[PDB]
Amino acid sequence: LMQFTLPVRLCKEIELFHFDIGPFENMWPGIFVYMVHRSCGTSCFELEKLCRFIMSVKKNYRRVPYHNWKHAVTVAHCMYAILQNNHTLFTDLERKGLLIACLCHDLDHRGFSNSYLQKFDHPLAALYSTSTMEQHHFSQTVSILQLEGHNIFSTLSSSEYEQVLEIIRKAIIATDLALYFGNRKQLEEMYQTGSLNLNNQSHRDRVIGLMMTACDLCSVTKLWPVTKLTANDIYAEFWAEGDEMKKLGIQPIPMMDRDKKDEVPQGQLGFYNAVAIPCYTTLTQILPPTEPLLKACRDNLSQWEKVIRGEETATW
Ligand SMILES: CC(=O)Nc1cccc(OCCCOc2ncnc3scc(-c4ccc(F)cc4)c23)c1
Ligand SMILES: [Zn+2]
């Protein structure tokens, strides 16, 4: 049988949460196939159909500084590290579904938030009033699955197929950060009152939603030099959206204003405190083997504090 392999440094480092997939774009499909085979087995997909699916997904990602193909594969790797560190918790269907959801979660992203679509009066905002881009990303995912030769789920019953596309739909909708706050608040209550039950489908959903936020934000869990350079890509998108807000005659929030770069360090502190730390804290309480994400997140907050106090500087 045909079992994908990696050079020794990659074969080992890929098991770690802080793995960087590197600058060689033509290696990323091989990295993804490798992760699926070790996460779900050589059986769970027809390799011809998989590679065809991957290459069409790649084609429907755009040339944007942050929400691109590299990000898709990076987010899938985080989900792979979480699945491999908790191999006993997830069904055969959830493992298959979640690596696909991660690869597809940002399909056809143009570097703009839901707010900008609503202020621009984009057509997708008429089709879907909430989680605008995220419902688009999912309907893109369904389209690629319905292309001739791309149905990587072709061997499932009508029943399992519907279950796997409901896992993918909810997984992709949960990457809407507006939904994250309430989702994590409810999980924190259910954990502390001891009512959280992984056998309750409704509880599993919320838990899978937190994992998707954790994987989506995973650039804050890398080593500082990777985190620091990804920050330049994130703000490159943010500043372009701020410029497009000014063209509609709207003053953008300061974090989207390229005239307020000075405020980024303090902005990153807010983000680590209000979003990142709480996210990996709750994920670690529910899934203890995910502690390294929280630890790497705390290390980077401590690096942004160093930047504020002038003992360290980011050029951007
Ligand atoms: C105090 C406070 O609440 N701050 C606060 C709250 C809410 C969002 C907020 O964004 C701060 C901008 C830095 O954003 C980021 N900063 C570092 N890493 C990453 S990885 C993904 C994002 C990312 C995050 C939000 C997106 F909409 C789009 C991508 C991101 C900051
Ligand atoms: Zn994403």
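Method of determination, as given in the entry header: X-ray crystallography; reported resolution: 2.3000 Å.

1. Focus: the overall build of the chain
The helix and strand inventory of the chain stands at 14 helices and zero strands. Overall, the chain shows an N-to-C arrangement of helices and strands of α-α-α-α-α-α-α-α-α-α-α-α-α-α. Here the chain has a C-alpha radius of gyration of 19 Å; the compact-globule value for 316 residues is 20 Å, and the two agree. When contacts within the chain are restricted to residue pairs at least 6 apart in sequence, those whose partners lie at least 24 apart make up 72%.

2. A look at helix 12 (residues 224-247)
Between its first and last C-alpha atoms helix 12 spans 35 Å; for 24 residues at 1.5 Å apiece the expected length is 34 Å, and the two agree. Within helix 12, the full set of buried residues consists of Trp224, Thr227, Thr230, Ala231, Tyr235, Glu237, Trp239, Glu241, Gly242 and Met245. Packed against the buried residues of helix 12 are helix 6 (114-120), helix 13 (264-286) and helix 14 (291-308). Note on helix 12: the residue one or two positions beyond its end, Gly249, has a positive phi of about 85°.

3. Some thoughts on the site of ligand 1
In the vicinity of ligand 1, 14 residues are found, and the nearest of them are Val220, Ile234, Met255, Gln268 and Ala274. A distance of 3.1 Å is found between a nitrogen atom of ligand 1 and a side-chain nitrogen or oxygen belonging to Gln268. Surface burial for ligand 1 is 73%, taken as the share of its 640 Å² of free accessible area covered by protein chains. The cavity where ligand 1 resides is the largest pocket. Broken down by secondary-structure element, the contributors of at least two residues to the shell around ligand 1 are helix 12 and helix 13.

4. Observations regarding the layout of surface pockets
Size it by volume and the largest pocket reaches roughly 1,300 Å³. Lining the largest pocket are 50 residues, and of these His67, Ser113, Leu177, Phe238 and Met256 lie nearest its centre. Broken down by secondary-structure element, the contributors of at least two residues to the lining of the largest pocket are helix 6, helix 8 (132-145), helix 10 (177-192), helix 12 and helix 13. At nine residues, the largest contribution of residues to the lining of the largest pocket is made by helix 12.

5. Looking at the pattern of salt bridges
Enumeration over the complete set of coordinates arrives at 16 salt bridges. The partner of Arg110 in a salt bridge is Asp108, and the shortest N-O contact between them spans 3.6 Å. Residue class for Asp108 comes out buried when judged on its relative accessible area of 15%. Of the charged contacts in the structure, one is a salt bridge between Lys228 and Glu312, with a shortest N-O distance of 3.1 Å. Of this pair, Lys228 sits in helix 12 while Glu312 sits in the segment after helix 14, and the two are 84 residues apart along the sequence. Residues joined in a network through salt bridges with shared partners are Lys246, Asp257, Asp259 and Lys260.

6. Some remarks on the coordination of the zinc ion (ligand 2)
Coordination of the zinc ion (ligand 2) by the protein is provided by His71 (NE2), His105 (NE2), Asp106 (OD) and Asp216 (OD), with metal-donor distances spanning 1.9 to 2.1 Å. Classification of the site at the zinc ion (ligand 2) rests on its four donor atoms, whose angles at the metal span 89 to 169°, yielding the label irregular. Each donor residue of the zinc ion (ligand 2) lies on one chain, and together they are spaced H-x33-H-D-x109-D. Residue classification places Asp106 among the buried positions, given a relative accessible area of 5%.

7. Examining the packing of aromatic side chains
Tallied over the entire structure, the rule returns ten aromatic pairs. Note on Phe271 and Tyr272: the rings are 6.1 Å apart at their centroids and 90° apart in plane angle, and the pair reads as edge-to-face. Judged by relative accessible area, which is 23%, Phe271 ranks as partly exposed. An aromatic cluster is present here, built from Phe45, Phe153 and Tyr161 joined pairwise through their rings. Directly above the ring of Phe45 sits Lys96, whose terminal nitrogen or CZ lies 5.7 Å from the centroid.

8. Section: the packing of helix 4 (residues 69-84) against helix 11 (residues 201-216)
At a closest axis distance of 8 Å, the pairing of helix 4 and helix 11 adopts a crossing angle of 130°. Compared by their axis directions, helix 4 and helix 11 come out oblique. The way helix 4 lies across helix 11 gives a crossing that is right-handed. Note on element contacts: helix 11 touches helix 4 through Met211, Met212, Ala214, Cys215 and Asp216, opposite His71, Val75, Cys78, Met79, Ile82 and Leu83.

Thresholds applied
- Residues numbered from 1 in each chain as written, not as in the entry; some residues may be left out.
- Chains lettered and ligands numbered in written order.
- Heavy atoms only, no water.
- Residues with missing side-chain atoms left out of burial classes, pairs and counts.
- Helix = DSSP H or I, 4+ residues; strand = E, 2+ residues; numbered from the N terminus.
- Rg over C-alpha atoms; globule rule 2.2 N^0.38 Å.
- Contact = heavy atoms within 4.5 Å.
- Expected span 1.5 Å × (residues − 1).
- Buried < 20%, exposed > 50% of the residue type's maximum accessible area, 1.4 Å probe, protein only.
- Near = heavy atom within 4 Å.
- Polar contact = N/O pair within 3.5 Å; in protein donor to acceptor, adjacent residues only side chain to side chain.
- Areas by Shrake-Rupley, 256 points an atom, 1.4 Å probe, with all protein chains shown as cover.
- 1 Å grid on protein atoms, 1.4 Å probe; cavity = no way out; pocket = protein on both sides within 12 Å on 5 of 7 lines; lining within 4 Å.
- Sits in = over half its atoms within 2 Å of the grid points.
- Points joined across faces, edges and corners; volume = space filled by probe spheres on them.
- Salt bridge = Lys/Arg side-chain N within 4 Å of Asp/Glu carboxyl O.
- Donors = N, O, S within 2.8 Å, 3.2 Å for Na, K, Ca; no water.
- Tetrahedral: all angles 85-135°; square planar, octahedral: opposite > 155°, others 65-115°.
- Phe/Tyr/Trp six-rings, centres within 6.5 Å; stacked < 30°, edge-to-face > 60°.
- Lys NZ or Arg CZ within 6 Å of the ring centre and 35° of its normal.
- Axes fitted to C-alpha atoms, helices over the stretch in contact; angles between N-to-C directions.
- Parallel < 35°, antiparallel > 145°, perpendicular 65-115°, else oblique.
- Left-handed = near helix turned anticlockwise from the far one by under 90°.

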